[PDB]
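Novice: start30.cif (mmCIF, C-alpha atoms) pasted underneath:
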data_model
loop_
_atom_site.label_atom_id
_atom_site.label_comp_id
_atom_site.auth_asym_id
_atom_site.auth_seq_id
_atom_site.Cartn_x
_atom_site.Cartn_y
_atom_site.Cartn_z
CA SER A 2 48.68 -136.92 -53.04
CA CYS A 3 49.79 -135.97 -56.58
CA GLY A 4 48.24 -132.53 -56.06
CA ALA A 5 44.74 -132.94 -57.46
CA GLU A 6 43.91 -129.51 -56.02
CA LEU A 7 46.74 -127.87 -58.00
CA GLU A 8 45.49 -129.43 -61.24
CA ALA A 9 41.94 -128.30 -60.50
CA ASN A 10 43.07 -124.73 -59.80
CA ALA A 11 45.23 -124.55 -62.94
CA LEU A 12 42.47 -126.00 -65.13
CA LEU A 13 39.86 -123.60 -63.77
CA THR A 14 42.17 -120.62 -64.27
CA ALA A 15 42.99 -121.66 -67.84
CA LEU A 16 39.48 -122.59 -68.98
CA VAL A 17 37.56 -119.44 -67.93
CA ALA A 18 40.26 -116.93 -68.88
CA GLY A 19 39.35 -113.99 -71.09
CA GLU A 20 36.40 -112.72 -69.03
CA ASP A 21 35.98 -110.67 -65.85
CA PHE A 22 33.70 -111.85 -63.04
CA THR A 23 33.98 -109.66 -59.94
CA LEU A 24 31.61 -110.20 -57.05
CA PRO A 25 30.13 -107.19 -55.22
CA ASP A 26 31.85 -105.87 -52.10
CA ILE A 27 28.97 -104.77 -49.86
CA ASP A 28 29.44 -105.06 -46.10
CA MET A 29 26.04 -105.80 -44.55
CA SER A 30 26.94 -104.92 -40.94
CA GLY A 31 27.58 -101.20 -41.44
CA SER A 32 24.55 -99.98 -39.38
CA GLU A 33 22.88 -98.78 -42.61
CA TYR A 34 20.98 -102.09 -42.65
CA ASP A 35 19.54 -101.97 -39.11
CA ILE A 36 16.35 -100.42 -37.79
CA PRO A 37 17.47 -97.10 -36.23
CA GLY A 38 16.73 -97.54 -32.53
CA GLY A 39 17.54 -100.24 -30.01
CA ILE A 40 15.00 -101.25 -27.39
CA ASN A 41 14.61 -97.56 -26.52
CA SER A 42 12.84 -96.65 -29.78
CA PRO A 43 9.08 -96.06 -29.48
CA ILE A 44 8.40 -99.13 -31.65
CA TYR A 45 8.84 -101.29 -28.55
CA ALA A 46 6.68 -99.18 -26.23
CA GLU A 47 3.38 -100.54 -24.93
CA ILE A 48 0.28 -99.46 -26.86
CA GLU A 49 -2.51 -97.95 -24.78
CA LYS A 50 -6.17 -98.64 -25.53
CA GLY B 199 31.01 -107.71 -3.46
CA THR B 200 30.88 -103.97 -4.19
CA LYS B 201 29.98 -100.73 -2.41
CA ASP B 202 29.70 -98.38 -5.42
CA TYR B 203 26.25 -98.87 -6.93
CA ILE B 204 23.53 -96.59 -8.28
CA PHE B 205 19.74 -96.85 -8.25
CA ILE B 206 18.17 -95.85 -11.57
CA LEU B 207 14.44 -95.14 -11.91
CA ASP B 208 13.42 -95.09 -15.58
CA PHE B 209 9.86 -93.96 -16.21
CA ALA B 210 9.89 -95.84 -19.48
CA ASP B 211 9.88 -99.62 -18.98
CA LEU B 212 8.41 -99.70 -15.47
CA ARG B 213 7.74 -103.41 -14.96
CA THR B 214 6.15 -104.32 -11.61
CA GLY B 215 7.45 -107.54 -10.12
CA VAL B 216 10.04 -109.20 -7.96
CA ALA B 217 11.59 -110.58 -11.16
CA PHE B 218 10.25 -107.85 -13.49
CA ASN B 219 7.46 -110.05 -14.89
CA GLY B 220 4.19 -108.17 -14.46
CA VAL B 221 1.98 -105.33 -15.57
CA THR B 222 3.60 -102.06 -16.62
CA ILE B 223 2.65 -98.79 -14.95
CA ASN B 224 1.28 -96.11 -17.25
CA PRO B 225 3.65 -93.13 -16.90
CA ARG B 226 1.00 -90.66 -18.07
CA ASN B 227 -0.85 -90.59 -14.73
CA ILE B 228 1.17 -90.78 -11.49
CA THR B 229 0.15 -89.12 -8.23
CA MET B 230 3.12 -89.72 -5.92
CA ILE B 231 6.49 -91.48 -5.80
CA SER B 232 7.49 -92.67 -2.32
CA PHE B 233 10.62 -94.69 -1.60
CA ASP B 234 10.12 -97.58 0.82
CA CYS B 235 12.74 -97.30 3.58
CA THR B 236 12.94 -99.98 6.28
CA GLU B 237 15.49 -101.48 8.65
CA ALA B 238 17.26 -104.84 8.50
CA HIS B 239 15.18 -106.23 11.38
CA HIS B 240 11.84 -105.10 9.91
CA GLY B 241 9.53 -108.08 10.27
CA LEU B 242 11.83 -111.15 10.39
CA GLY B 243 13.72 -109.38 7.67
CA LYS B 244 17.33 -110.23 6.98
CA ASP B 245 17.86 -113.90 7.78
CA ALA B 246 14.61 -115.62 6.76
CA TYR B 247 14.68 -118.49 4.25
#
Rewrite the structure from the file as structure tokens, please.

Specialist:
Amino acid sequence: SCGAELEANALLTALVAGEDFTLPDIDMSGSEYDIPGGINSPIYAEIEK
Amino acid sequence: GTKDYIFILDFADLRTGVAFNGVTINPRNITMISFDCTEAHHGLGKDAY
């Protein structure tokens, strides 16, 4: 195998060092990103003429 | 396979059908609510296929 993956990891760590790149940590399933009601909300009720 | 069941009548989402595929009753005008009670032998009832 010769560990091509190890060489790639070491090279990437050495070449980009000296800077900070931190991705955001939002969790998009926390119920703050959903429309409030389920099927029971009046959005899904039939509209009368 | 059970003998502990409940019958729930919800006046929202009243769908008229054998398989609940039909027009929906308007809850805002209802005159009476009569439960249909029959026997097992009512009109070739139980064992027809």

Novice: I need the chain B residues near chain A as number ranges by chain; criterion: at most 10 Å, counting all atoms listed in the file.

Specialist: B: 210-211, 222, 224

Novice: Have a look at CA of residue 234 in chain B and CA of residue 220 in chain B and let me know their distance in Å, one decimal.

Specialist: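 CA of residue 220 in chain B lies at a distance of 19.5 Å from CA of residue 234 in chain B.
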
Novice: Rounded to one decimal in Å, what is the spacing between CA of residue 19 in chain A and CA of residue 4 in chain A?

Specialist: 25.5 Å

Novice: Work out how far CA of residue 38 in chain A is from CA of residue 215 in chain B, in Å to one decimal.

Specialist: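 Atom-to-atom, CA of residue 215 in chain B and CA of residue 38 in chain A are spaced 26.2 Å apart.
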
Novice: Take range 2-19 of chain A, bring it up to N, CA and C atoms, and give me the output as a tab-separated table (two decimals), in the coordinates of the input.

Specialist:
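After the write, rebuild-v2.tsv holds the following:
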chain	number	residue	atom	x	y	z
A	2	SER	N	49.79	-137.84	-52.81
A	2	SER	CA	48.68	-136.92	-53.04
A	2	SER	C	48.55	-136.58	-54.51
A	3	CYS	N	49.68	-136.35	-55.17
A	3	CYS	CA	49.79	-135.97	-56.58
A	3	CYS	C	49.21	-134.60	-56.87
A	4	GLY	N	48.73	-133.88	-55.86
A	4	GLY	CA	48.24	-132.53	-56.06
A	4	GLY	C	47.05	-132.41	-56.99
A	5	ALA	N	45.95	-133.09	-56.67
A	5	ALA	CA	44.74	-132.94	-57.46
A	5	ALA	C	44.20	-131.51	-57.37
A	6	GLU	N	44.36	-130.88	-56.21
A	6	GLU	CA	43.91	-129.51	-56.02
A	6	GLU	C	44.66	-128.54	-56.94
A	7	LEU	N	45.97	-128.74	-57.11
A	7	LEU	CA	46.74	-127.87	-58.00
A	7	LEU	C	46.27	-128.00	-59.44
A	8	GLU	N	46.01	-129.23	-59.89
A	8	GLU	CA	45.49	-129.43	-61.24
A	8	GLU	C	44.13	-128.78	-61.41
A	9	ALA	N	43.26	-128.92	-60.41
A	9	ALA	CA	41.94	-128.30	-60.50
A	9	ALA	C	42.05	-126.78	-60.59
A	10	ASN	N	42.91	-126.18	-59.76
A	10	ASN	CA	43.07	-124.73	-59.80
A	10	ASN	C	43.62	-124.27	-61.14
A	11	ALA	N	44.65	-124.95	-61.66
A	11	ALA	CA	45.23	-124.55	-62.94
A	11	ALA	C	44.22	-124.69	-64.07
A	12	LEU	N	43.46	-125.79	-64.08
A	12	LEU	CA	42.47	-126.00	-65.13
A	12	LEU	C	41.38	-124.94	-65.08
A	13	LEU	N	40.89	-124.62	-63.87
A	13	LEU	CA	39.86	-123.60	-63.77
A	13	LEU	C	40.38	-122.24	-64.22
A	14	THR	N	41.61	-121.90	-63.85
A	14	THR	CA	42.17	-120.62	-64.27
A	14	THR	C	42.35	-120.56	-65.78
A	15	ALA	N	42.74	-121.68	-66.40
A	15	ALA	CA	42.99	-121.66	-67.84
A	15	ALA	C	41.70	-121.68	-68.65
A	16	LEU	N	40.68	-122.39	-68.17
A	16	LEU	CA	39.48	-122.59	-68.98
A	16	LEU	C	38.57	-121.37	-69.04
A	17	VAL	N	38.48	-120.57	-67.98
A	17	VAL	CA	37.56	-119.44	-67.93
A	17	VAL	C	38.26	-118.12	-68.21
A	18	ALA	N	39.52	-118.16	-68.64
A	18	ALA	CA	40.26	-116.93	-68.88
A	18	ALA	C	39.68	-116.17	-70.07
A	19	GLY	N	39.88	-114.86	-70.06
A	19	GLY	CA	39.35	-113.99	-71.09
A	19	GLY	C	38.08	-113.25	-70.73
